[PDB]
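Before any comments, here is the structure.
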Amino acid sequence: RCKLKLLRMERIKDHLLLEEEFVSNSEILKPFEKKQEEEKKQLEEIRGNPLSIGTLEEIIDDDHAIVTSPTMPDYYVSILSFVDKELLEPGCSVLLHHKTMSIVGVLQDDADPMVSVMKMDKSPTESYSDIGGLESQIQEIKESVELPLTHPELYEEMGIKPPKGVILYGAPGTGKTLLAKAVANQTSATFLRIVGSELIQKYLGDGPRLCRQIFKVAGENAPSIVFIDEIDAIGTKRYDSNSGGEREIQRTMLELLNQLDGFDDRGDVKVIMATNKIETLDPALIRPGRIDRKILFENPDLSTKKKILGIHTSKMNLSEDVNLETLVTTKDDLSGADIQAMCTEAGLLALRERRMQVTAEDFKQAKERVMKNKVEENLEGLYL
Amino acid sequence: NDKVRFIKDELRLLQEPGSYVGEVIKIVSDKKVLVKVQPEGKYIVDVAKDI
Amino acid sequence: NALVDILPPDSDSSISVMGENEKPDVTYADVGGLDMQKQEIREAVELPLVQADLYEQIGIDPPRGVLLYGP
Amino acid sequence: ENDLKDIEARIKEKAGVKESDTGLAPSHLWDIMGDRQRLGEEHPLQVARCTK
Ligand SMILES: Nc1ncnc2c1ncn2[C@@H]1O[C@H](COP(=O)(O)OP(=O)(O)OP(=O)(O)O)[C@@H](O)[C@H]1O
Ligand SMILES: [Mg+2]
């Protein structure tokens, strides 16, 4: 509340920015200057009308190339060479001239149905310390992932290699999956996120080819963070056994070794791995000396769940009947996804009565339904 | 007259060289558009006044 | 490259009919048993050919496609 | 809050999306050798391969 002041100031400068841009473009982006008028005369002399697309197979070092078009016919093209002969390379999409096919130019920036999967389709709306609690070992993920980007200064004093990589593990409900997306908010480095059940395919050999791509994209952004969600899902998952099986699993692990480091010597990629099965992996990635600090997380204890529950109930309309500390008291060393689930079910009981105030009864009755899921997910009930 | 003369101008339309349905991948602010013709490939080509 | 005429449906066939220019070769007498299934194949084929409207008057959903399966 | 959401899209739309194209400042004349590659046949070649 009274976050008004922010919204006004940001909005007002945006209004002026829209104004300035519109007016700047029209009639005072002068097409009447001689540096614009004389430049386009002799540019279009070789630049089309239709500019037949090619795909660049290889160049020859005489100012030539051999293109294969997507349409069909290959062509032995020259190069107009005001696009700087040494600036293009195989895999690029090229502009050819429609009288005789010469490389007028080169398009840069592409997209594929294979980097569609990687790229983000959201920007997180829950930022840091919505994972609050269990914050006593968040210091080995904010001093090897965030910091060398934030200060290269402190790693200049020591010199040698900076920290690369973390692996997060513990029981589920320690917030790993959102933690990865929250340290990304702070650094402002290109955050790719790829699920590990999409590094398992129902076809063979094309798995390693998908995984090889992922880090080449990332090093192209000079800073990126790659989160592999569930990298224990490439060592338990398979489709059919004649294009999956042991072999498909086996190869992708080996591939990811070269990608994490190997020979390539690519740009800076910070890596975040969340896992909880850390024995289905090669003993060539879970050694220290690649993924530097390994972080253990334990179920939140009595005092920690006090930290967790103030995160979730600030969005709620608390009554004075509500006692937060007795909600904490009963449970004994249990998950923090449970606390998130009880608050969701508390607003569902509040909606069942139809009231947008959340009352104490709704939390305290929803607690028992949550506890019925631990005491009859094992039908033994009280241990036998 | 209306009936006999619609035929002659209509000859032009019938004797046209090709049509070819495309789709815009993307514009460029160089006042050309990247268009993928659907039976054929991609051409970057200049626009008319309507659009 | 313009539309200069139209063509009837009948013409421009993949192949001409075999059922009012030829006559199927196997009769229903050369089928032995599967009598339970024979009550069904005359439900599936024969009744929508002579008249679709029998179904309509009841108001029961027609059968559409015929699937034959088996080893 | 909703006015902010609306104006970001507006700024983006008016700036426009464009396709980056490479250049070279030491080429201010390129139709001293561009014109030779252009307009007649000297030729860009249908690539083939000897089979026998
Ligand atoms: N210890 C915690 N404190 C606060 N919120 C938590 C905690 N653990 C989980 N959550 C919440 O639970 C939701 C999902 O958790 P997330 O997917 O980030 O965790 P995870 O540890 O990878 O595994 P899981 O999803 O199985 O719990 C989010 O709303 C997140 O904020
Ligand atoms: Mg999880």
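Restricting attention to region A:52-62, does a residue exist that is at the interface with chain D (Cβ under 7 Å from one of its Cβ atoms) and not in a strand (DSSP E or B)? No, that holds for no residue.
Being within 7 Å of chain D (Cβ to nearest Cβ) and on the phi < 0 side of the Ramachandran plot is the requirement here; does A:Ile46 meet it? Against the criterion (within 7 Å of chain D (Cβ to nearest Cβ) and on the phi < 0 side of the Ramachandran plot), A:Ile46 qualifies.
Here A:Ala171 passes the criteria (1) within 16 Å of ligand 2 (Cβ to nearest atom); (2) under 22 Å from A:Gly132 (Cβ atoms); (3) buried (at least 18 other Cβ atoms within 10 Å of the Cβ) except the one numbered (3).
Using the structure shown, decide if A:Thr344 is without any contact (Cβ under 8 Å) to a residue 24 or more places away in the chain, more than 16 Å from ligand 2 (Cβ to nearest atom) and more than 28 Å from A:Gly219 (Cβ to Cβ). Criteria met by A:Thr344. Screening region A:274-313 for residues that are of a type in the set (S, T, N, Q), assigned to a loop (DSSP other than H, G, I, E, B) and under 24 Å from A:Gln340 (Cα atoms) and picking the one that is nearest to ligand 2 (Cβ to nearest atom) gives A:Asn276.
Could you pull out the residue among A:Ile231, A:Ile225 that is within 16 Å of ligand 2 (Cβ to nearest atom), surrounded by 13 or more Cβ atoms within 10 Å (Cβ to Cβ) and within 23 Å of A:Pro113 (Cα to Cα)? Steps first, answer last, please.
Details: A:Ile225 fails: within 16 Å of ligand 2 (Cβ to nearest atom).
Result of the check over A:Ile231, A:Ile225: A:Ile231.
Among the residues of region A:132-168 satisfying the criterion of being part of a loop (DSSP other than H, G, I, E, B) and hydrophobic (A, V, I, L, M, F, W, C), which is nearest to ligand 2 (Cβ to nearest atom)? Explain how you work it out, then say what you get.
So in region A:132-168, the residues part of a loop (DSSP other than H, G, I, E, B) come out as A:132-146, A:151-153, A:158-165.
Next, from what is left, pick out any that are hydrophobic (A, V, I, L, M, F, W, C): A:134, A:138, A:141, A:145, A:158, A:160.
On the way: A:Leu134: 14, A:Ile138: 17, A:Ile141: 16, A:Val145: 19, A:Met158: 35, A:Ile160: 34 Å.
Residue satisfying both the conditions and the ranking: A:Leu134.
When region D:14-40 is filtered for residues that are more than 7 Å from chain A (Cβ to nearest Cβ) and out of contact with any strand residue (DSSP E or B) (no Cβ under 8 Å at 6 or more places or on another chain), the ones remaining, listed by number, are D:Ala25, D:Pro26, D:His28, D:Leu29, D:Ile32, D:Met33, D:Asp35, D:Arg36, D:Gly40.
For region A:194-205, state whether one or more residues are touching a residue at least 60 places away in the same chain (Cβ under 8 Å), within 16 Å of ligand 1 (Cβ to nearest atom) and closer than 26 Å to A:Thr125 by Cβ. I'd like the intermediate steps shown before the answer.
First, pick out the residues of region A:194-205 that are touching a residue at least 60 places away in the same chain (Cβ under 8 Å): A:194, A:198.
Still in the running and within 16 Å of ligand 1 (Cβ to nearest atom): A:194.
Applying the additional criterion that residues be closer than 26 Å to A:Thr125 by Cβ yields A:194.
Within region A:194-205, one or more residues are touching a residue at least 60 places away in the same chain (Cβ under 8 Å), within 16 Å of ligand 1 (Cβ to nearest atom) and closer than 26 Å to A:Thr125 by Cβ.
Per-residue answers, yes or no, for (1) among the aliphatic types (A, V, I, L, M); (2) touching a strand residue (DSSP E or B) at 6+ places or on another chain (Cβ under 6 Å); (3) surrounded by 10 or more Cβ atoms within 10 Å (Cβ to Cβ); (4) touching a residue at least 12 places away in the same chain (Cβ under 8 Å):
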site	(1), (2), (3), (4)
C:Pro9	no, no, no, no
C:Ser14	no, no, no, no
C:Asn21	no, no, no, no
C:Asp25	no, no, no, no
C:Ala29	yes, no, no, no
C:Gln37	no, no, yes, no
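A count restricted to region A:314-332 and to residues that are part of a helix (DSSP H, G or I) and either buried (at least 18 other Cβ atoms within 10 Å of the Cβ) or not polar (S, T, N, Q) (or both) stands at 4.
FYI the Cβ positions are ideal-geometry reconstructions off the backbone, even for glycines, and counts take in every protein chain you see. Since every read-out is calculated from the coordinates, none of them should be taken as a lab result.
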